[PDB]
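J.: Got an experimental structure here, sequence first:
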Amino acid sequence: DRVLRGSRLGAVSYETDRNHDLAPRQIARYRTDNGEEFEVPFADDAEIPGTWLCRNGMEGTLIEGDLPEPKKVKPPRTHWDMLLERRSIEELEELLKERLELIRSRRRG
Amino acid sequence: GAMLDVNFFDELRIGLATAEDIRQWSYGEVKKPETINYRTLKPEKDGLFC
Amino acid sequence: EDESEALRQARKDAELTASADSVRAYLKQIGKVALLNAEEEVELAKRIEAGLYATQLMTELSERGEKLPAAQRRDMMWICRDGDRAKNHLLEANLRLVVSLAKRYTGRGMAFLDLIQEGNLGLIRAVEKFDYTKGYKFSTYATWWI
Amino acid sequence: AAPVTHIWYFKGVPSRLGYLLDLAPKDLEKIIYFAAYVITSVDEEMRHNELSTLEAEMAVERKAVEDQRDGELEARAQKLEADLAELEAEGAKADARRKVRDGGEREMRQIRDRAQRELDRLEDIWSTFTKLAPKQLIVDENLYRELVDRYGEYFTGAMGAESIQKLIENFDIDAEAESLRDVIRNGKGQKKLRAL
Amino acid sequence: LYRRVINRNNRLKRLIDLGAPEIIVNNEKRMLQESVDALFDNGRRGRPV
Amino acid sequence: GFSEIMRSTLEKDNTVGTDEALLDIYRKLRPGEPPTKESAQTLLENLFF
């Protein structure tokens, strides 16, 4: 019960498109693992991050020898962990000896 | 050839594009099936509208 | 009749059909393995836990460990393979339960096969966290996760 | 996460993948939609000498098959003499005292029927392994699994767009086009039209 | 269509990294293949989406 | 009896037996499902009656 008037979620300004001066800027050279190089022009006064998500789609590091060592998290949950939270070492060793005796009796009896 | 399309053309070559051309055209790899944040109506990170 | 390989050849030649609908293809695929009872589930769960402890013990004794005897290392690898064989067997047994549960969440939004796949992933989690000493049936625990 | 075939080069009025690889579209839909395995590669010399060694293996296995068959025959003769002893010494009908004889006879007939069917199975898998070749489809999953877990050497075989990519990998257009030029030079009839 | 391809690709990656039997992974790969074919030409092979 | 067409088809039938007809009906109408002697017993009686 209205008029179909659409608008994309974003504004359109118009200022002076001058290219004679800009802000000064650096260029950081990022490198992924598979021999790729990438250039990302940051500004001058900009804290350049040691890692970066590259255009290729993989997390590339910075080519300067920073060596940040971010100390990543543990692998979340294993089947061994879900076994160990409900069993104990001696009971698992008991079932291990049970299956060892069964494979022995199947092998030579 | 041309990429800024100055209306000075003499050919239009079609071709069967390889994966090395596909990942050379693209600017970033989309990796999430999201379009727009439901509350602030901003384009989501790493979505189809990032 | 019931013999002389007429009906047998008919069933065999009708088994090797196209079945272009992917749901019918997957259902004919999963209607293959034999269903189990509680004793088979008990046996497979014990074999899975034994194989998991054996491969964790071999992971422990791999680094800084011991050049084990040949029989001990060989049957250690045997138990390590048997655990994964039992796990694949249990998942392939209960695929049909995942299908029978996910037949009812259809008709709204998602397609059928995606619901089947998400049920399969929940069944993976249920067979990872299932316990046998509580004396219950496997469907009783697995329905929650699925 | 896994390769995918473009639909314009698989499902056309000429299927271009089928014309390139010389496959039937009925077979191509079975390959790239996970309905049938396809032999992507095979060995020659390993098959050449294990032809002799594995036919010796096959003769050994079929000898053991026939040993179990005549063991079933001997057990049938033992149970048949037991039926004779429990039939032709007491008071019974002359047809009812041979009803167990006919039951044991039909039991031996169905036992050798089962034995001949698995004999046909072993002959089939051996002949198929001898006549193995690339671009060959293998329907009947059980036969492929038996062939793989017996002869995991000598060949590889996959199923799907990865296998199609392997077939396009192991491919030369020069010798294929030269063979096709030879066929349109010398051939006749239907094969000339197909080669064109 | 893009969301269906993204969903099934992420689920296939998770199934491969998780370690699943051949039936589930084969069905997931044929699902991804059918989704990309439906993206490029819906209604070409089989029932249209 | 009078129909030359019907007697020509009844000679060109190449199939004798009710179950022999039922397995052909089931294998051509079903195809992709293994036949059994209770399914063809019920399939035709489900379709038209």
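T.: That came in fine, so what should we check first? Numbering: from 1, shown residues only, chains lettered A, B, ... in the order given.

J.: and residue 21, what are its phi and psi?
T.: Going with chain A. Dihedral pair for residue A:21: phi -140, psi 150, per degrees, to the nearest 10.

J.: should've been chain E
T.: According to degrees, to the nearest 10, residue E:21 has phi -70, psi 170.

J.: the longest helix in chain E is where?
T.: Criterion DSSP state H: the longest helix present in chain E is helix E:22-40.

J.: elements contacting that one?
T.: If you count contacts as 3 or more C-beta pairs under 8 Å, 6 or more residues apart in numbering or on different chains; DSSP states H and E, helix E:22-40 packs onto helix C:22-30, helix C:70-102, helix C:112-129, helix E:2-18. Where you see a C-beta, it was placed from the backbone N, CA and C, and this is true even at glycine.

J.: Nearest approach to chain B belongs to which of those helices?
T.: Of all those, helix E:2-18 sits nearest to chain B, with 4.1 Å by C-beta to the nearest C-beta.

J.: is it true that residue D:31 touches residue D:24?
T.: No: counting by C-beta atoms under 8 Å, residue D:31 does not reach residue D:24; the two are 10.1 Å apart.

J.: ok, these two, which is more surrounded?
T.: Taking other C-beta atoms under 10 Å in any protein chain shown, residue D:31 and residue D:24 do not tie; residue D:31 has more neighbours (24 against 11).

J.: Apart from its neighbours in sequence, what residue is nearest the more buried one?
T.: Using C-beta to C-beta, 6 or more residues apart in numbering or on different chains and skipping residues adjacent in sequence, the residue nearest residue D:31 is residue D:38, 5.0 Å away.

J.: Please report phi then psi for the one you found.
T.: phi -140, psi 130.

J.: What is the strand or helix carrying residue D:54 packed up against?
T.: Applying DSSP states H and E as the criterion places residue D:54 in helix D:45-85. With contacts taken as 3+ C-beta pairs under 8 Å, 6+ apart, helix D:45-85 sits against helix D:96-130.

J.: In contact with the residue of chain C found nearest chain D: list those residues for me.
T.: As assessed by C-beta to the nearest C-beta, chain D sits closest to residue C:16 within chain C, at 5.4 Å. Shown in contact with residue C:16 (C-beta atoms under 8 Å, 6 or more residues apart in numbering or on different chains): D:139, D:140.

J.: one more time with 10 Å, if that's ok
T.: The contact partners of residue C:16, by C-beta atoms under 10 Å, 6 or more residues apart in numbering or on different chains, come to D:30, D:35, D:36, D:139, D:140, D:141, F:32.

J.: Got the phi and psi for it?
T.: phi -100, psi 60.

J.: Without its sequence neighbours, what residue ends up closest to the residue most central in space within chain C?
T.: For chain C, residue C:91 is the residue whose C-alpha lies nearest the centre (C-alpha atoms, centre = their mean; 1.8 Å). Of all residues not flanking residue C:91 in the chain, residue E:21 sits nearest, at 5.6 Å (C-beta to C-beta, 6+ apart).

J.: so that neighbour makes contact with residue C:87?
T.: Yes: Residue E:21 lies in contact with residue C:87 (C-beta atoms under 10 Å); the separation is 8.4 Å.

J.: ok, back up a step: filter the contacts of residue C:16 down to the buried ones, ChimeraX style.
T.: In ChimeraX, a selection of the buried entries from the contacts of residue C:16 looks like this (16 or more other C-beta atoms under 10 Å in any protein chain shown):
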select /D:30,35,36 /F:32
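
J.: Am I right that residue A:52 is in a helix?
T.: No: counting by DSSP: H, G, I helix; E, B strand; the rest coil, residue A:52 falls outside a helix, being strand.

J.: so what's it bridging to?
T.: residue A:60 (DSSP bridges).

J.: Just say which of the helices and strands packed on helix E:22-40 is most tucked in.
T.: Mean neighbour count (mean count of other C-beta atoms under 10 Å in any protein chain shown) peaks for helix C:112-129 among these, with a mean of 20.

J.: quick check, it touching chain E?
T.: Yes: residues of helix C:112-129 contacting chain E under C-beta under 10 Å from any C-beta of the partner chain: C:113, C:114, C:116, C:117, C:118, C:120, C:121, C:123, C:124, C:125, C:128.

J.: Let me know whether that helix sits next to chain A.
T.: Yes: Helix C:112-129 is in contact with chain A by C-beta under 10 Å from any C-beta, via C:124, C:125, C:127, C:128, C:129.

J.: tell me which strands and helices that helix is in contact with?
T.: Helix C:112-129 sits against helix A:79-84, helix C:22-30, helix C:38-62, helix C:70-102, helix C:138-145, helix E:2-18, helix E:22-40, with contacts defined as 3 or more C-beta pairs under 10 Å, 6 or more residues apart in numbering or on different chains; DSSP states H and E.
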